[PDB]
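What follows is one chain in structure tokens, specifically the form deposited in one PDB entry.
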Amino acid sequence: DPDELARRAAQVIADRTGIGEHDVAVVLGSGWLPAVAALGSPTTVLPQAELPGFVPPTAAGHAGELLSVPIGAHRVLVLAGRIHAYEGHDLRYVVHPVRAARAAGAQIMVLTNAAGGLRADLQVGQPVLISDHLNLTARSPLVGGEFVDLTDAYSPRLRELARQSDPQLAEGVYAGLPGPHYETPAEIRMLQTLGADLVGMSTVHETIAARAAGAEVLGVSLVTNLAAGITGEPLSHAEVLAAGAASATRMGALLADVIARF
């Protein structure tokens, strides 16, 4: 039962942070690890693994920590690192962090990730707001009778607030694939034909779960590389992390400022 698991996790979060309720939750993805400090000074930092239902993150660049940080007038839950479907876990565990955050009081989820850029105007190191997504996993974190509407899944309101922080920000459609292998050039051309501007291996299910649980979502992708075949250069996870690190300053600053505007 996802509901009870989330409640139990939320209770532990309240007991360890000393805060009965949090207002916003942020998940830092690949390349986003160094952006955690700019969010503010944490009042609590603990291992995600400590929390009920939390499968510890294992991918490089994912700290696997939970931080409670005051940002603006909000108490923010920072999920430094996430698990992915390609790691083999049931989607119940993949979306648990977001559900636990919701049970802890968070009504706004800021989901960040690294992504390959498909639209010609996107450059490596550029943060892109997610306007919508393409779930190409043939799966759903929802089960039986949960008919959730995904119109405005990525709140236009939150994207406008983000632009208030940095009017420069572009938007794009995120394609969520299973992974863990990167795409072939032909698959990238296919994704372009399908309307995708960004490609990654997470987020879509978490967004679906967040909406199903009544929370708004702000998605932010960091273009860590141009999609396969666009340049012809080889992609590697280390390169993804390195690319993300180069924009850590802007990223951390952006998150801190936008969240304060919520």
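Residue indices: 1-based, along the sequence shown. Between two forms, the rigid core is the largest collection of C-alphas that superpose within 1.5 Å. Residues that one form lacks are left out of the comparison.
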property: Between the two ranges 160-168 and 73-81, the one averaging a larger CA B factor in the entry; result: 160-168
property: Comparing 141-149 with 128-136, the one whose average Cα B-factor in the PDB entry is higher; result: 141-149
property: Of the residues 33, 217, 27, 230, the one carrying the largest Cα B-factor as recorded; result: 230
property: Highest recorded Cα temperature factor - choice among 111, 177, 114, 122; result: 122
property: Lowest, middle or highest third - CA B-factor, residue 118; result: highest
property: Entry-reported Cα temperature factor of residue 192, expressed as the chain third it lands in; result: middle
property: Assigned third (lowest, middle, highest) for the C-alpha B factor of residue 52; result: middle
property: Chain third (lowest, middle, highest) by recorded CA B-factor, residue given as residue 234; result: highest
property: Entry-reported Cα temperature factor of residue 40, expressed as the chain third it lands in; result: highest
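This next part talks about the form deposited in another entry, which is not shown.
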| item | value |
| --- | --- |
| C-alpha of residue 59 moved at least 2 Å between this form and the one not shown on rigid core | yes |
| Note on residue 125-residue 59 C-alpha separation in the other entry, which departs from the shown form by 3 angstroms or more | farther |
| Sense of the change in Cα distance from residue 58 to residue 204 in the other entry - at least 3 Å versus the shown form | farther |
| Runs in sequence order between this form and the one not shown, three or more residues long, with CA shifts of 2 Å or more on the rigid core | 56-63 |
